[PDB]
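Here the structure is laid out as structure tokens; the discussion comes afterwards.
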Number of protein chains: 20
Amino acid sequence: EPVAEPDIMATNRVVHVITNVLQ
Amino acid sequence: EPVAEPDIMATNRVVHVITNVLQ
Amino acid sequence: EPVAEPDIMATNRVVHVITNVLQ
Amino acid sequence: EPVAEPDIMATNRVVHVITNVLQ
Amino acid sequence: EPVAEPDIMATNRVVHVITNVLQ
Amino acid sequence: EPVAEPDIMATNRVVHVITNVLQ
Amino acid sequence: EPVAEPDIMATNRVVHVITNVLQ
Amino acid sequence: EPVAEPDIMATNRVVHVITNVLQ
Amino acid sequence: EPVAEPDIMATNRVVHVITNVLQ
Amino acid sequence: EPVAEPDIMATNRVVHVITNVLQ
Amino acid sequence: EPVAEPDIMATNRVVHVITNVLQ
Amino acid sequence: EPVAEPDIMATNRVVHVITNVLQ
Amino acid sequence: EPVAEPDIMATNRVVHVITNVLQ
Amino acid sequence: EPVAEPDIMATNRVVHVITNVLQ
Amino acid sequence: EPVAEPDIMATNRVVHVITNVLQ
Amino acid sequence: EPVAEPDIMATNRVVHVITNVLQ
Amino acid sequence: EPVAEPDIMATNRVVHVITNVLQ
Amino acid sequence: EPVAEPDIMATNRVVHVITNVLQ
Amino acid sequence: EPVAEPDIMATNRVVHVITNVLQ
Amino acid sequence: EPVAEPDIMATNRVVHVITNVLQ
């Protein structure tokens, strides 16, 4: 909820999953 | 309320599912 | 409310799934 | 709902599904 | 969304599903 | 090299290999 | 080499290789 | 070199390979 | 080695490998 | 060469592999 | 400008039962 | 001007029961 | 002018039962 | 400008039962 | 703004049972 | 009695390479 | 007494590579 | 009495590589 | 009496590489 | 009585590489 003077920003959501099963 | 200095913005949602299953 | 400098933007949503098999 | 000068755009939604099987 | 002059545009949603056969 | 009176023994070797695939 | 009197023994070797396929 | 009085005995070797994958 | 009085005995070698994946 | 009275005995080698996935 | 590309559902279901007999 | 692209869907379900008998 | 991107989904459920008997 | 940003979700359930018997 | 921002969440459940009897 | 019963052998080798081109 | 029963053998080697280019 | 039973074996080796470029 | 029972063995080797770039 | 017990073993190797860059 940006409500102030103008500035620089960004919105980039990233998700990653990694796993190594040994059995 | 996404408002700020005129600039470039892109809602690029990156998703990836990786897993090294042995079976 | 995306209001800023008149620019071009396009969503680059990509999805990929990969696994392995061994029996 | 972005607005700008008459420009060109396109939804580059790509989807891929690949796995492996030994049978 | 684009609401400018009637320009050329069309969705290009590509899809591919293939599996490795072995039997 | 088992040697003795006649018996009704017999081998019952069976193999089972199941594998799932979701494509 | 199970040698003995002439009995009625016999081998019952059977193979079973089942695999699931989606296609 | 199994040599002795007669008796009942039969080999019942069985193998099972189970596996599951969630694509 | 088995060279004594008669006694019931038989091999029951069995293998079972279980594995799962949650992705 | 375990020689003695006819006592009950039978070899049975069992193996099991278990893993706890965490993602 | 209501536009939406088509879609197809690739529903699959596999099931079988096997019960031999020696007799 | 409602817009919403579709998504691929595929419900997988495997189940089987096997029971042997020597008689 | 509602907007809402979709999300890939897939229900996974596998189960099996086996009851071996030597008789 | 009502917009929804759902997250990725997928159900996972794997279980197996075995009850051997020599009879 | 009328925009939601849910948190990542996924159901996880892994359990198994094994039994054996010599009889 | 130097004799060995027959037995089927499972051996295969599959390979595939796909590459998209735009030009 | 050179005698040895056969056994099932499963040997495989799968490999695949996918690439993309926009030019 | 040169006798030696066989053993189950299944060698496998899977490998895959994926790359992407927008140019 | 040169006899020696074997043991279960299976060479496992899985590896993958990924290099994502937006350019 | 030349009988030497075996040695249980199981080769396991899991490794992966990832290099994400936005450029």
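The table for this structure:
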read-out	value
Residue mean of other protein chain beta carbons inside 10 Å, A:2-13	4
At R0 = 41 Å, FRET efficiency that the Cβ-Cβ distance of N:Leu22 and A:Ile18 yields, to 0.05	0.40
Residues whose placed amide H lies under 5 Å from that of N:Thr11, excluding near-sequence neighbours	M:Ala10, M:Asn12
Cα centroid separation, chain C to chain G (Å)	55 Å
Residue-by-residue Karplus 3J(HN,Hα) for the stretch A:2-15, coefficients 6.51, -1.76, 1.60, Hz, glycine and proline x	x, 9, 8, 4, x, 8, 9, 7, 7, 9, 9, 8, 9, 9
Residues D:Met9, K:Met9, sorted so that the one with the fewest Cβ neighbours within 10 Å comes first	K:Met9, D:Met9
Isotropically averaged projected area of the protein assembly as shown, using the convex hull of Cα atoms (one quarter of hull area), nm²	29.1 nm²
Axis-nearest residue of M (beta carbon) for the M-onto-R rotation, whole Å	M:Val14, 11
Where a label projected 7 Å from the Cα of R:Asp7 along Cα→Cβ would reach, residues of chain T with amide N under 18 Å	T:3-13
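FYI, it's all coordinate maths here, none of it is from the lab. No Cβ is skipped: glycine too gets one built from the backbone with ideal geometry, and neighbour counts run over all protein chains shown.
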